[PDB]
Every structure is written in C-alpha cells, then in structure tokens.
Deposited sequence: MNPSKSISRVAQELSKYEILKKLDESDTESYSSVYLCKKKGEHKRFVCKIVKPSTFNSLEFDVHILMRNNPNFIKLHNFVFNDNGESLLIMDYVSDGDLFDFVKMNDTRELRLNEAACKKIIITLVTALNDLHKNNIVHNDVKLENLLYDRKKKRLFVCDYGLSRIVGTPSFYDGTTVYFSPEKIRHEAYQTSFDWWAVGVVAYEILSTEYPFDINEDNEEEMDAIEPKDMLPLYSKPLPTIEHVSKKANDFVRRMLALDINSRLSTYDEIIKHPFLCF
C-alpha cells in the first residue's frame, strides 16, 4: 500500500544501539527500542557476505525453545543487512571451561548430560529440514547457570544437506568427512557435538594440540591417536565421547538415533 515501506522505516527506526557485544563478516550489538525495556540483539552483516540460509534457520525453528527468535530482518544487495533477534543469555559453554574462571563456573556430569540431550534434540529438529548448523561449538551454545537454558545460535554457516562442502567454520571442530570434502551432512554436526561433549565433560579439548596455522589435513593424524580418558566422569560418559569421536564412522555415533540411545543419555 506504500505505507508498508515507510512503516518498515518507522518500525526499524525505533531501535537504539547500547553496546557492541562481540569481539569480520558480521558484528553483533545490544539494541533497544527507545523508551522500552526489552533488550534485543542486532546483528549487522557486511554487503555480499550473507548466507541466506541463516534466515531460514531462524524461521524454521521459530517455535523451538532452544533456537533464537528473529523479530526483524532487512537484507540489502548493495549494503548492510540487519537481523534483530532476542537477547537470550550472557553466557555460553566456553565460559564454563575457559582458563580465566573468576566466577567459579563449573558443569558437573549431570549438567553435561542435560545439555547434551537438549543439544542433540534441538539439532535433530533442525535436521528434519535437511539443514545442518555446520558451526556447532562452545561459543555458539549460549547457556547461563540461572536459566540453565541452552540456545543454539549463529546460523550464519548453516548449509543444505547434500551440497558440496568447503572449509568454512572452525577447523578444530571439523569431522573426518568434512576434512575430506564430503557433502554437507548431519554427521558434520554430530562430530562437533562430540567435541563439545568432551569439552564440557573434561574442560579440555579432545585432541593433541596447543594454532592460526592449523589446517584441516593436520587434524587427521590427531584423530588417529587415542582419545584420553576423562578421569573424573563416569564410564558411560567416557564410552559416549569415545564413540562420538570414533575416526571410523562405522564405529561412531553418527546419527540421531545412535546418539540418543547411548546409555549416557538414557536414564
């Protein structure tokens, strides 16, 4: 009606920037409507860098409590594009394993079990759409010890199942198959889940590294070495991460059903 256009300019003119939240293709800011309380997150993406599938993940998972609702989104071919989303938490799983722990953050085995069940279930829900998250890692799993609610975030590297893969994302989370340029598949996400599970359970990275120069093929020798036992977690928890990170996919929990039926995740 031509009021829509100016309403878009009117609505998205209410938002005011409070701070920069992140540390690049994108930058994330704390936002707020003038005179209104609720805090949002406004993500500004550079021109000619947007992964259109990031929009789909928000929409497809709108009704899943472990994904982040998208309130507004403006894409411009010849400029910046905006995503205005909920602010869900100040913390993430990396905060609970990092070396600088001034706030006495810890995740015991029970907390890891619950997080992993939620993560696996949430990623499975996404996978029903034949989309993979493709950058699952501690920094993209928001969590705080008051809500204790897990939010999967940053769908900017999401991909359609079956398409040719390339070396996007974080190398040290690459599955053997992604290193070998196999098509995007759910097993990519499940391997990253395995690394996350090892990290929150042990507070250490599974494989033998200290790193800007680490390359995908450098990971393969490391995957061939024994996975260290996590000393102070259960035998079931150890058996879980071993089978999550088996080099041979034919010995690995590489599917939803395999993962969710393992003793560790059962009660």
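When the deposited sequence is counted from residue 1, which ranges lack any model?
Unobserved in coordinates, per deposited numbering: 1 to 2, 26 to 29, 217 to 222.
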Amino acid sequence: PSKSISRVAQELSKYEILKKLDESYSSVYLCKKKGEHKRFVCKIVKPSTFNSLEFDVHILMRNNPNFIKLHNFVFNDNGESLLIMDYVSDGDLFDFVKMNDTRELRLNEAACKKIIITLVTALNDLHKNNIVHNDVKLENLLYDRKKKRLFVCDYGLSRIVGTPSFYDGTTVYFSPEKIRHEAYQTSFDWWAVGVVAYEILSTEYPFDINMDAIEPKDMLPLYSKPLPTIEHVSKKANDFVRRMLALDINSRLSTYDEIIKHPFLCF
From here on, numbers count along this sequence of modelled residues.
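Between 187 to 195 and 69 to 77, name whichever shows the higher mean Cα B factor according to the PDB entry.
On average, C-alpha B-factors are higher across 69 to 77.
Name the higher of the two by mean Cα B-factor in the PDB entry, 6 to 14 versus 243 to 251.
Comparing averages over the C-alpha atoms only gives 6 to 14.
Among the candidates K225, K235, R62, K34, give the one with the maximum CA B-factor reported in the record.
Most elevated C-alpha B-factor of the set, per the entry: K34.
Highest-ranked of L220, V41, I209, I230 once sorted by CA temperature factor in the record:
Out of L220, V41, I209, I230, the record gives the largest C-alpha B-factor to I209.
Grab the CA temperature factor for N100 from the record and place it in the lowest, middle or highest third of its chain.
Top third by C-alpha B-factor.
Check where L157 lands among this chain's C-alpha B-factors and tell me if it's the lowest, middle or highest third.
It belongs to the lowest third of the chain when residues are ordered by C-alpha B-factor.
Taking the C-alpha B-factors as the PDB entry records them, is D144 in the lowest, middle or highest third of its chain?
Within its chain, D144 is a middle-third residue by C-alpha B-factor, going by the deposited values.
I214, C-alpha B-factor rank within chain (lowest, middle or highest third):
Its C-alpha B-factor, which the entry lists for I214, ranks in the highest third among residues of this chain.
Within-chain third of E182 by Cα B-factor, per the entry:
Lowest third.
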